[PDB]
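Asker: Submitted below is the structure of interest, expressed as structure tokens.
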Amino acid sequence: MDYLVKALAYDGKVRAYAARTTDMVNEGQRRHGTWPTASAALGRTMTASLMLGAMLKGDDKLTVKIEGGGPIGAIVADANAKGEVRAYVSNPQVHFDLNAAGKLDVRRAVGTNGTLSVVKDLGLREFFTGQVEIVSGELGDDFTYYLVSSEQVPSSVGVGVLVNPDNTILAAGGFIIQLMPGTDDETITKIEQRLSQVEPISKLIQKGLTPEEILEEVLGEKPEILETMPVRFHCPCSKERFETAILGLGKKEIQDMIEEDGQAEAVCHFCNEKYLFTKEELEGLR
Amino acid sequence: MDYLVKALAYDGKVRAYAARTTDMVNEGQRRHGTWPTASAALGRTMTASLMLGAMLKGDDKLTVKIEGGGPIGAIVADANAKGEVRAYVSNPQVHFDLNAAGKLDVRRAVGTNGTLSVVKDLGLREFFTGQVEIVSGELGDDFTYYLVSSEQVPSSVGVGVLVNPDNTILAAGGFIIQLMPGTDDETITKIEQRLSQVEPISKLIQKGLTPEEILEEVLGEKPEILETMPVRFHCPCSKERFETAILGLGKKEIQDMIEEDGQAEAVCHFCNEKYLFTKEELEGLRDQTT
Amino acid sequence: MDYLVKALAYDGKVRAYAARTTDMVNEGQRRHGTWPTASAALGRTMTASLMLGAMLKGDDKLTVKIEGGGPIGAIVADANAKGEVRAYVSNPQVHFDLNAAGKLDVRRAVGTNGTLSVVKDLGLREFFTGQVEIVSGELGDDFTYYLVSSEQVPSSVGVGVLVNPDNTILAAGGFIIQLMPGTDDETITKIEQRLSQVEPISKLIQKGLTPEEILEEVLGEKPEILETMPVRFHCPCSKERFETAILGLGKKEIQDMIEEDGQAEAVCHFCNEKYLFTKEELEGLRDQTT
Amino acid sequence: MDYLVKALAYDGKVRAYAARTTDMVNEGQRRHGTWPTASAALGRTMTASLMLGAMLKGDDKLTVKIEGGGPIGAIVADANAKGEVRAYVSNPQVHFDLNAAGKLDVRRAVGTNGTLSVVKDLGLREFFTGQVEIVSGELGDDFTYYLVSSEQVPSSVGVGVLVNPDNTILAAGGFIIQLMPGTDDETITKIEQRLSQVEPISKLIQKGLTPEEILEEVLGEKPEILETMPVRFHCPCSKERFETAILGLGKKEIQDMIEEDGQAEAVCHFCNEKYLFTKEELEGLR
Ligand SMILES: [Zn+2]
Ligand SMILES: [Zn+2]
Ligand SMILES: [Zn+2]
Ligand SMILES: [Zn+2]
């Protein structure tokens, strides 16, 4: 039921993407136990990251790191060309009152003193990196700035997350609209005004609009859908793997951890799975 | 008379660039005293860099570095948004027998085990880097691979340099063509055919085709010109830069210079400009420095 | 009271370095507002860099860059031959649950897919670079691997940082031991035993062991001291540097600053020093710039 | 009969290397057809490079590139931990009169406006590089400067090549002496003076001294020999390999080269083996 669409509009002058990510954002919330404001920052990042990741091909993948000096600390999302995302926030426990407009105060959680970086991993010696300063802190506008100023593509990013009173996620989705080099300086203005006039993405997702519908409303025309794909929260961590974490400590600290408890545990930061090594298992190296 | 153009074609679905860089590549050859194979590697790199630079705006700028492990060492080119390039290679006097096609063996000079990287300065606190493997060593195809990797639109970079027996440059130029979204398949196979179907770019320049004409030839239609700009080899070094560096050595090292040599020649590695500090200049610096 | 020593031991067959860097790592923590795990990565890197720097002479200097792919991003440290370090991490507010040994999970912050590189400026036209894979992520072992790769003598780098619950630094220090040619096997197994047999370096510092005492403890004999030096966190940035950068933006961008903000804050990314340009200062710059 | 020794002296305070490279330098001369002055530059580079290469371990390897602006152009040598060297000069045809001292005028051939670089390849993302300016042009003293100033190890390099009237090589060999960190400022002076007083390496190789003997004369004591190994000119190029060169041109220039000659050739720059592709062979791609 979560998915992403790749689209064109205006006869190939607009390259567009849209997604519905309610289930994956709910899974992020549950795994990390984020408080509402942190959920909003997490889901906004996850959704934007997924759509960046969909711009990739094949086995290529990317990582977004945001750390604006606010109490949530660093937010990291991995996304790939298959629409698999894993993401965490460094401090899930962030509470503030609503802002003046009655929305979760994401910019106070994130902070605006630091950077948004995107690292694309194409192979062992092949990568593309980009970095800008966080100028908004609401995340959607920071991703816009990344696209416009580091990637130098005229773009508009909208991401929205609605949090239920019980702290679960009601809805999440977003879009990215990009104007291609060919676009005549006049059709640019038709789209820029219609974007500036349509309802914010949070309102659109509140009404239950699908990704195609969101693109149509925001664009003022039905888009050519190039591809739809399913998307999911996914983290490939496993116990064998955390072994290497534990191996990396050695035979000393390993002989300890035990002789003192008869066990040890390690935690995946992306998905919060916990791995317990029993006494027998720990002995299998020491 | 060297210059570059920015262009669209096929109702804005093709974005294109082209340049004639004979004079600037000749300046590089002259400054660094490259041998033919190395001039070809240097001038291909310069021309490709200039065109990437043309995709920037304002005061932005970029640096290309090729390090394939070959005898030429590193090839480094700075390019800004205003049509100015400076470039050097580690080892300018690099040359070989002609390759099996009777052309300059650029791949042998460059090496095929290493990377091509592009680092962009896009303003205070806006940063972009890319790095790809060298896949060819002939450079045109490497830049194509960098562009396709970077922007994931079909791209084609052509660059050429013809060198005279006296080691001077006879011609240099290039183009970049990129097919944006919504390019229909008729235009693709038009363009791809033309591409893998038309003459070498350095002979088009030698024939005296303009940048505009080259795009017409390659594209199959007259391009829409968005901008033309003069271009040149330029390094902003000056004697003052080197004076400052000599000062930073301290009195002792300077006095060594005066005593064993009576003078000092400082050389910019980017453009090989040579600056001479007389005994008296150096005495002034020894006495100025703390 | 932070300082570093240079030493020999076992009749000159062992070359050694040690430092107490509590205060400088505390300055880095404070400047950048690192969270515990990131302070440990930052301070380990700083201390290792300082000691590498101590192997240099004169005005020479070096830059360490760690890029393992982890959440902290890049860790960059400049170190000179005069005991001065500046360093930053991309993302200071990085932290996790304790690792399986109940210690700060530095490897998780750093990542284990990337490189550690060292670029040395050894004078006008003398250059040295090294780069190795990250093998651990815990940093001590990575620096050891860099040194063994570089000089091919048995080496050991220890570095530690203890952080308080309030995020301040309680202790930081380190050592490097290298076994030169002709070290007999009795001294090797002496040293290797001691090494893989003695307490953590950050607790030795907390206990209030000096650098000298730490080398004694690790080596099994009192070292011969060759040099002691004061050390510190220092970044030579100043408001003037940023003024110059603002000037370089042009009148228009500056006027935007004045109009939308009434002022401008410029921040050094190396040391996070914050410089404030009042409306009037900015008016001065807008009018000065061409 | 060519070989290299690894040594210590002065109870581990001196780390030393020496080699006899007459046969490999003769092979370089024959392959490239160097004229005498070029032979001297080539052999000096080969011998120094071999001894640098012996400092390496395992499968690690290095490349020395020298290009001083003189008529010989770029000199490149590869050397590995096994003492395999391959090396060429860009212009083998360099003639000058003898210098004032009656020796081949290597510095006029090489030139002193450019750099000596050494790249050590430890793996795909692992390398050490060093570069200095060429300050002598005679090569031995440039290698000394590389070791002293880039690698920061107090060192003395001696390399010598004697060329026969018939242009073949009569002798070639060299040494490197390094002073270790422990060396007391007084035993440094005993060695520095004895080095400054002994006969130049060309004279020593003229008299037929082996590597061990050269170390003993230059050191003033018999060295501890740690290892001896055989050394050779070796280049692993093959026809299959040059295929990739030719493949890298494509199917067009390939269809040509032929339809016009019925063949094509490519040449290894390091060893000057020539590879001929027949009409049938060229067709096996086009
Ligand atoms: Zn996980
Ligand atoms: Zn210059
Ligand atoms: Zn600073
Ligand atoms: Zn060969």
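Going by the structure tokens order, chains are called A, B, ..., each with residues numbered from 1, while ligands are numbered from 1 in the order shown.
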Using only C-alpha atoms, which protein or nucleic acid residues come within 6 Å of range 271-275 of chain D? Drop anything in the same chain fewer than 5 positions from it, and give the result as a PyMOL selection string.
Answerer: chain D and resi 31+265-266
Asker: Next, the residues of the selection above should be written as a compact mmCIF listing (two decimals), in the first residue's frame with N, CA and C atoms.
Answerer:
```
# COMPACT_ATOMS: atom_id res chain seq x y z
N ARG D 31 66.54 -3.53 -25.23
CA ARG D 31 65.12 -3.38 -25.57
C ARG D 31 64.83 -1.97 -26.14
N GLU D 265 49.49 -2.97 -35.31
CA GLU D 265 50.48 -3.27 -34.31
C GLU D 265 50.39 -2.32 -33.12
N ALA D 266 50.72 -2.85 -31.97
CA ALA D 266 50.84 -2.02 -30.75
C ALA D 266 52.10 -2.44 -30.01
```
Asker: Which residues sit within 12 Å of ligand 4, counting only C-alpha atoms and all ligand atoms, listed as an MDAnalysis selection string?
Answerer: chainID D and resid 28 31:32 78 85:88 233:239 241:242 266:275
Asker: Can you check which residues of chain D have any atom within 12 Å of chain A? Use only C-alpha atoms and format it as a compact mmCIF listing (two decimals) with C-alpha atoms, in the first residue's frame.
Answerer:
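The resulting file, selection_6.txt, is reproduced below:
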```txt
# COMPACT_ATOMS: atom_id res chain seq x y z
CA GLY D 123 45.69 -2.04 -2.92
CA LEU D 124 42.78 -0.51 -4.70
CA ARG D 125 42.24 2.33 -2.16
CA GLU D 126 45.62 2.12 -0.40
```
Asker: Near chain B, which residues of chain A fall within 10 Å when you count only C-alpha atoms, and what do they look like as number ranges by chain?
Answerer: A: 8-15, 55-57, 115, 117-120, 122-133, 145-146, 149-152, 180-184
Asker: What are the nearest atom pairs, with distances in Å to one decimal, for all residues of chain B that come at most 12 Å from chain C, using only C-alpha atoms, set out by chain and rising residue number as JSON lines?
Answerer:
```
{"residue": "B:58", "atom": "CA", "partner": "C:249", "partner_atom": "CA", "distance": 10.0}
{"residue": "B:59", "atom": "CA", "partner": "C:249", "partner_atom": "CA", "distance": 8.6}
{"residue": "B:60", "atom": "CA", "partner": "C:249", "partner_atom": "CA", "distance": 11.0}
{"residue": "B:122", "atom": "CA", "partner": "C:249", "partner_atom": "CA", "distance": 11.8}
{"residue": "B:123", "atom": "CA", "partner": "C:249", "partner_atom": "CA", "distance": 8.7}
{"residue": "B:124", "atom": "CA", "partner": "C:245", "partner_atom": "CA", "distance": 8.1}
{"residue": "B:125", "atom": "CA", "partner": "C:269", "partner_atom": "CA", "distance": 9.3}
{"residue": "B:242", "atom": "CA", "partner": "C:124", "partner_atom": "CA", "distance": 10.2}
{"residue": "B:244", "atom": "CA", "partner": "C:124", "partner_atom": "CA", "distance": 11.9}
{"residue": "B:245", "atom": "CA", "partner": "C:124", "partner_atom": "CA", "distance": 8.1}
{"residue": "B:246", "atom": "CA", "partner": "C:124", "partner_atom": "CA", "distance": 9.0}
{"residue": "B:247", "atom": "CA", "partner": "C:124", "partner_atom": "CA", "distance": 11.9}
{"residue": "B:248", "atom": "CA", "partner": "C:59", "partner_atom": "CA", "distance": 9.1}
{"residue": "B:249", "atom": "CA", "partner": "C:59", "partner_atom": "CA", "distance": 8.6}
{"residue": "B:250", "atom": "CA", "partner": "C:59", "partner_atom": "CA", "distance": 10.2}
{"residue": "B:253", "atom": "CA", "partner": "C:123", "partner_atom": "CA", "distance": 11.5}
{"residue": "B:266", "atom": "CA", "partner": "C:124", "partner_atom": "CA", "distance": 9.9}
{"residue": "B:267", "atom": "CA", "partner": "C:125", "partner_atom": "CA", "distance": 10.1}
{"residue": "B:268", "atom": "CA", "partner": "C:125", "partner_atom": "CA", "distance": 10.4}
{"residue": "B:269", "atom": "CA", "partner": "C:125", "partner_atom": "CA", "distance": 9.3}
```
Asker: Selected residues, C-alpha atoms, written as a compact mmCIF listing (two decimals), in the first residue's frame, please.
Answerer:
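After the write, part-v5.txt holds the following:
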```
# COMPACT_ATOMS: atom_id res chain seq x y z
CA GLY B 58 28.50 33.23 -11.46
CA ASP B 59 31.75 32.89 -9.49
CA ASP B 60 31.43 29.18 -9.20
CA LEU B 122 29.36 26.46 -5.66
CA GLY B 123 29.50 29.19 -3.04
CA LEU B 124 30.02 29.57 0.70
CA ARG B 125 28.96 26.31 2.17
CA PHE B 242 55.79 33.65 -4.52
CA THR B 244 54.98 35.79 0.22
CA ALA B 245 55.99 32.10 0.11
CA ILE B 246 59.70 32.99 0.16
CA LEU B 247 59.14 35.31 3.14
CA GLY B 248 57.54 32.37 4.94
CA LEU B 249 60.83 30.44 4.76
CA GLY B 250 62.71 32.58 7.32
CA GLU B 253 66.78 29.59 4.32
CA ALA B 266 60.12 30.63 -8.26
CA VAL B 267 57.91 28.58 -10.64
CA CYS B 268 54.10 28.22 -10.60
CA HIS B 269 53.27 24.54 -11.06
```
Asker: So which residues are near ligand 3, meaning at most 12 Å away with only C-alpha atoms and all ligand atoms counted, given back as a list in words?
Answerer: residues 28, 31, 32, 78, 85, 86, 87, 88, 233, 234, 235, 236, 237, 238, 239, 240, 241, 242, 266, 267, 268, 269, 270, 271, 272, 273, 274 and 275 of chain C
Asker: List every residue of range 32-251 of chain D that DSSP, applied to the backbone of this structure, places in alpha helix (DSSP H), and write the result as an MDAnalysis selection string.
Answerer: chainID D and resid 32 36:53 106:110 140:145 187:197 201:206 211:219 239:247
Asker: Residue 170 in chain B: which residues within 9 Å, counting only C-alpha atoms, same-chain residues fewer than 5 positions away excluded, as number ranges by chain?
Answerer: B: 22-23, 26, 161-164, 202, 206
Asker: Write out as a list in words the residues lying within 9 Å of range 93-99 of chain A, counting only C-alpha atoms and excluding same-chain residues fewer than 5 positions away.
Answerer: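 The filter keeps residues 33, 34, 35, 36, 37, 38, 71, 72, 104, 105, 106, 108 and 109 of chain A.
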Asker: From the list C:84, C:67, C:281, C:105, which residue is nearest residue 25 in chain C when using only C-alpha atoms?
Answerer: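 Result for the nearest residue to residue 25 in chain C: C:84.
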Asker: Quick one: residues within 12 Å of residue 227 in chain B, only C-alpha atoms, excluding same-chain residues fewer than 4 positions away - as a list in words?
Answerer: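 Once the adjacent positions are removed, what remains is residues 3, 4, 5, 6, 7, 8, 16, 17, 18, 19, 54, 55, 82, 83, 211, 212 and 223 of chain B.
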Asker: Would you save the residues of that selection, restricted to C-alpha atoms, as a short mmCIF file (atom, residue, chain, number, x, y, z; two decimals), in the first residue's frame?
Answerer:
```cif
data_model
loop_
_atom_site.label_atom_id
_atom_site.label_comp_id
_atom_site.auth_asym_id
_atom_site.auth_seq_id
_atom_site.Cartn_x
_atom_site.Cartn_y
_atom_site.Cartn_z
CA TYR B 3 35.10 30.60 -27.81
CA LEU B 4 32.33 28.50 -26.41
CA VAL B 5 28.62 28.27 -26.95
CA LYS B 6 25.71 27.06 -24.89
CA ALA B 7 22.77 25.67 -26.83
CA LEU B 8 19.45 23.86 -26.89
CA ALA B 16 24.48 21.21 -25.75
CA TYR B 17 27.88 22.87 -25.47
CA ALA B 18 30.72 23.39 -27.94
CA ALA B 19 34.02 25.10 -27.95
CA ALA B 54 30.28 26.43 -18.63
CA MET B 55 27.48 24.51 -16.83
CA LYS B 82 33.59 32.70 -17.06
CA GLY B 83 35.44 30.56 -19.68
CA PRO B 211 31.33 25.66 -32.41
CA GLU B 212 27.80 26.36 -33.84
CA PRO B 223 20.93 24.67 -32.46
#
```
Asker: So which residues touch residue 281 in chain A within 10 Å, counting only C-alpha atoms, skipping near sequence neighbours fewer than 6 positions away, as number ranges by chain?
Answerer: A: 243, 262-264
Asker: Please return, as an NGL selection string, all residues of range 83-137 of chain B that DSSP assigns to strand (DSSP E or B) on the basis of the backbone.
Answerer: :B and (84-89 or 115-121 or 126-133)
Asker: Go ahead and dump the residues you just picked, N, CA, C and O atoms, as a PDB file, in the first residue's frame.
Answerer:
```pdb
ATOM      1  N   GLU B  84      37.444  30.555 -18.223  1.00  0.00           N
ATOM      2  CA  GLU B  84      38.867  30.510 -17.941  1.00  0.00           C
ATOM      3  C   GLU B  84      39.314  29.136 -17.352  1.00  0.00           C
ATOM      4  O   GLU B  84      38.605  28.530 -16.542  1.00  0.00           O
ATOM      5  N   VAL B  85      40.372  28.605 -17.934  1.00  0.00           N
ATOM      6  CA  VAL B  85      40.952  27.335 -17.526  1.00  0.00           C
ATOM      7  C   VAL B  85      42.421  27.520 -17.193  1.00  0.00           C
ATOM      8  O   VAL B  85      43.154  28.267 -17.866  1.00  0.00           O
ATOM      9  N   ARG B  86      42.909  26.880 -16.120  1.00  0.00           N
ATOM     10  CA  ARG B  86      44.330  26.631 -16.028  1.00  0.00           C
ATOM     11  C   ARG B  86      44.512  25.123 -15.803  1.00  0.00           C
ATOM     12  O   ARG B  86      43.654  24.522 -15.238  1.00  0.00           O
ATOM     13  N   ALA B  87      45.582  24.573 -16.321  1.00  0.00           N
ATOM     14  CA  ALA B  87      45.822  23.124 -16.265  1.00  0.00           C
ATOM     15  C   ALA B  87      47.270  22.779 -16.355  1.00  0.00           C
ATOM     16  O   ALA B  87      48.048  23.518 -17.023  1.00  0.00           O
ATOM     17  N   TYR B  88      47.642  21.627 -15.775  1.00  0.00           N
ATOM     18  CA  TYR B  88      48.990  21.140 -15.895  1.00  0.00           C
ATOM     19  C   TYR B  88      48.933  19.619 -15.831  1.00  0.00           C
ATOM     20  O   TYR B  88      47.846  19.037 -15.573  1.00  0.00           O
ATOM     21  N   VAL B  89      50.027  19.012 -16.274  1.00  0.00           N
ATOM     22  CA  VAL B  89      50.227  17.574 -16.076  1.00  0.00           C
ATOM     23  C   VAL B  89      51.477  17.394 -15.282  1.00  0.00           C
ATOM     24  O   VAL B  89      52.385  18.192 -15.367  1.00  0.00           O
ATOM     25  N   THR B 115      41.157   7.155 -11.353  1.00  0.00           N
ATOM     26  CA  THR B 115      39.935   7.837 -11.272  1.00  0.00           C
ATOM     27  C   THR B 115      39.973   9.203 -11.988  1.00  0.00           C
ATOM     28  O   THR B 115      41.040   9.797 -12.199  1.00  0.00           O
ATOM     29  N   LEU B 116      38.778   9.666 -12.338  1.00  0.00           N
ATOM     30  CA  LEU B 116      38.480  11.044 -12.739  1.00  0.00           C
ATOM     31  C   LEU B 116      37.542  11.645 -11.703  1.00  0.00           C
ATOM     32  O   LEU B 116      36.485  11.082 -11.409  1.00  0.00           O
ATOM     33  N   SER B 117      37.944  12.745 -11.116  1.00  0.00           N
ATOM     34  CA  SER B 117      37.185  13.431 -10.144  1.00  0.00           C
ATOM     35  C   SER B 117      36.952  14.889 -10.485  1.00  0.00           C
ATOM     36  O   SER B 117      37.755  15.532 -11.181  1.00  0.00           O
ATOM     37  N   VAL B 118      35.831  15.387 -10.004  1.00  0.00           N
ATOM     38  CA  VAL B 118      35.386  16.740 -10.226  1.00  0.00           C
ATOM     39  C   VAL B 118      34.937  17.264  -8.901  1.00  0.00           C
ATOM     40  O   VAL B 118      34.061  16.648  -8.241  1.00  0.00           O
ATOM     41  N   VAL B 119      35.568  18.342  -8.449  1.00  0.00           N
ATOM     42  CA  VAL B 119      35.169  18.986  -7.177  1.00  0.00           C
ATOM     43  C   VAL B 119      34.685  20.386  -7.536  1.00  0.00           C
ATOM     44  O   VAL B 119      35.435  21.140  -8.165  1.00  0.00           O
ATOM     45  N   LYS B 120      33.439  20.721  -7.164  1.00  0.00           N
ATOM     46  CA  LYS B 120      32.811  22.016  -7.504  1.00  0.00           C
ATOM     47  C   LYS B 120      32.750  22.895  -6.248  1.00  0.00           C
ATOM     48  O   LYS B 120      32.270  22.425  -5.210  1.00  0.00           O
ATOM     49  N   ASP B 121      33.192  24.116  -6.361  1.00  0.00           N
ATOM     50  CA  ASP B 121      32.933  25.204  -5.381  1.00  0.00           C
ATOM     51  C   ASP B 121      31.791  26.087  -5.885  1.00  0.00           C
ATOM     52  O   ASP B 121      31.940  26.909  -6.850  1.00  0.00           O
ATOM     53  N   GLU B 126      28.201  25.511  -0.078  1.00  0.00           N
ATOM     54  CA  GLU B 126      27.485  24.634  -0.983  1.00  0.00           C
ATOM     55  C   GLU B 126      28.607  23.856  -1.707  1.00  0.00           C
ATOM     56  O   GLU B 126      29.533  24.464  -2.244  1.00  0.00           O
ATOM     57  N   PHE B 127      28.584  22.517  -1.629  1.00  0.00           N
ATOM     58  CA  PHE B 127      29.718  21.673  -2.024  1.00  0.00           C
ATOM     59  C   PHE B 127      29.207  20.508  -2.912  1.00  0.00           C
ATOM     60  O   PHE B 127      28.051  20.028  -2.721  1.00  0.00           O
ATOM     61  N   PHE B 128      29.977  20.099  -3.902  1.00  0.00           N
ATOM     62  CA  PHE B 128      29.641  18.969  -4.726  1.00  0.00           C
ATOM     63  C   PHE B 128      30.920  18.320  -5.219  1.00  0.00           C
ATOM     64  O   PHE B 128      31.892  19.026  -5.568  1.00  0.00           O
ATOM     65  N   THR B 129      31.038  17.003  -5.025  1.00  0.00           N
ATOM     66  CA  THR B 129      32.126  16.231  -5.591  1.00  0.00           C
ATOM     67  C   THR B 129      31.624  15.001  -6.354  1.00  0.00           C
ATOM     68  O   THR B 129      30.665  14.371  -5.943  1.00  0.00           O
ATOM     69  N   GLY B 130      32.326  14.598  -7.408  1.00  0.00           N
ATOM     70  CA  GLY B 130      32.066  13.319  -8.077  1.00  0.00           C
ATOM     71  C   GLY B 130      33.370  12.649  -8.405  1.00  0.00           C
ATOM     72  O   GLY B 130      34.350  13.365  -8.683  1.00  0.00           O
ATOM     73  N   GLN B 131      33.365  11.316  -8.435  1.00  0.00           N
ATOM     74  CA  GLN B 131      34.503  10.550  -8.793  1.00  0.00           C
ATOM     75  C   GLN B 131      34.027   9.232  -9.437  1.00  0.00           C
ATOM     76  O   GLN B 131      33.128   8.581  -8.918  1.00  0.00           O
ATOM     77  N   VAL B 132      34.613   8.905 -10.586  1.00  0.00           N
ATOM     78  CA  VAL B 132      34.335   7.685 -11.297  1.00  0.00           C
ATOM     79  C   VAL B 132      35.636   7.021 -11.645  1.00  0.00           C
ATOM     80  O   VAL B 132      36.738   7.649 -11.741  1.00  0.00           O
ATOM     81  N   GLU B 133      35.548   5.743 -11.910  1.00  0.00           N
ATOM     82  CA  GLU B 133      36.710   5.052 -12.480  1.00  0.00           C
ATOM     83  C   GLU B 133      37.052   5.542 -13.889  1.00  0.00           C
ATOM     84  O   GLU B 133      36.204   5.872 -14.653  1.00  0.00           O
TER      85      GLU B 133
END
```
Asker: What is the distance, in Å and to one decimal place, between CA of residue 25 in chain D and CA of residue 219 in chain D?
Answerer: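 Computing it gives 25.4 Å between the two atoms.
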Asker: Might you pull out every residue within 12 Å of residue 207 in chain A, with only C-alpha atoms counted and same-chain residues fewer than 6 positions away left off, and present them as a short mmCIF file (atom, residue, chain, number, x, y, z; two decimals) with C-alpha atoms, in the first residue's frame?
Answerer:
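Saved the output as result.cif:
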```
data_model
loop_
_atom_site.label_atom_id
_atom_site.label_comp_id
_atom_site.auth_asym_id
_atom_site.auth_seq_id
_atom_site.Cartn_x
_atom_site.Cartn_y
_atom_site.Cartn_z
CA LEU A 162 0.53 13.54 10.30
CA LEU A 170 -1.78 8.74 10.37
CA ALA A 171 -0.30 9.59 6.98
CA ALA A 172 3.01 10.38 5.32
CA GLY A 173 3.89 11.22 1.67
CA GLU A 199 -2.59 23.43 -0.63
CA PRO A 200 0.48 22.24 1.38
CA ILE A 201 1.36 18.57 1.13
CA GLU A 213 -3.38 12.54 -7.47
CA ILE A 214 -0.92 14.65 -5.53
#
```
Asker: Go through D:218, D:285, D:19, D:205 one by one, measure the shortest atom-to-atom distance of each to residue 163 in chain D using only C-alpha atoms, and give the residue with the smallest value.
Answerer: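 The closest residue to residue 163 in chain D is D:205.
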Asker: Which value, in Å to one decimal, gives the distance between CA of residue 285 in chain B and CA of residue 261 in chain B?
Answerer: 15.3 Å
